[PDB]
Ligand SMILES: OCN(O)CCCc1ccccc1
Ligand code: NI
């Protein structure tokens, strides 16, 4: 069991725990978690966040052969649960740090946005150029490990990152939102971030 081994106290998540394109799990819609959460579901959230921090540490990422990341979704660990972790650094130490259970976008702006540099994915071993078109702004509802409900409004990079992870729990990949015809086309109402 993926969640079983990953939740072991001694286990440290690394690239070998992350599945890549081709694995059906990434195109499957993750199942919602029920409350109260099991101890394993809470630990998994914590393990995920620990992974993000490790991936962001120079020495850690190096020793563990980790690809840097600011977000991670359970499906990427072959665990089909609606659980995601986000850790966006400020340029406190973080612009956004959260472990979200059953996250859901309850409202979004008409205006769209996309990173000028485009996007990458820990489960995708290749570069796919293009603007990943997303909602500029979103209001997201989610539950924390204690089952408490949170409603937040995101913009800029945080908005992009959370949408990328929520897409994972819905079986969607970043390149699914890039314009096939013109990967770098700038449509009306599209806000390029940079
Ligand atoms: O699932 C997360 N992951 O593969 C790491 C990439 C996170 C990310 C990077 C740039 C723009 C949006 C999201
Ligand atoms: Ni990804």
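Arrange the following residues from fewest to most other Cβ atoms within 10 Å of their Cβ: 165, 92.
Ascending number of Cβ neighbours within 10 Å: 92, 165.
Determine the calculated [θ] at 222 nm for the chain from helices alone, applying -39500 (n - 2.57) to every DSSP H run no shorter than 4 residues and normalising by the residue count; nearest 500 deg cm²/dmol.
-6500 deg cm²/dmol
What percentages make up the Cα-Cα pair-distance distribution of the chain when the bins are 10 Å wide from 0?
9, 36, 39, 14, 2, 0
Arrange the following residues from fewest to most other Cβ atoms within 10 Å of their Cβ: 177, 126.
126, 177
Report, in whole Å, the centroid distance computed from the Cα atoms of segment 120-194 and segment 40-104.
Cα centroid to Cα centroid, the span is 16 Å.
Antiparallel versus total DSSP beta bridges in the chain: what percent is that, nearest 5? Please list the in-between numbers first.
Numbers: 24 of 29 bridges.
Roughly 85 percent of the DSSP beta bridges within the chain come out antiparallel.
Return the FRET efficiency for the residue pair residue 190, residue 35: r is the Cβ-Cβ distance, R0 is 35 Å, and the value is rounded to the nearest 0.05.
0.40
Determine which residues of segment 117-132 fall in the zone a paramagnetic label at residue 180 would reach in this model, i.e. backbone nitrogen under 19 Å from the point 7 Å along Cα→Cβ.
Residues 128-132 qualify, since their backbone N sits under 19 Å from the label point.
Reconstructed Cβ throughout: ideal geometry from the backbone, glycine too, with neighbour counts over all protein chains shown. Every number here is computed from the coordinates shown, using simple stated rules; none is lab data.
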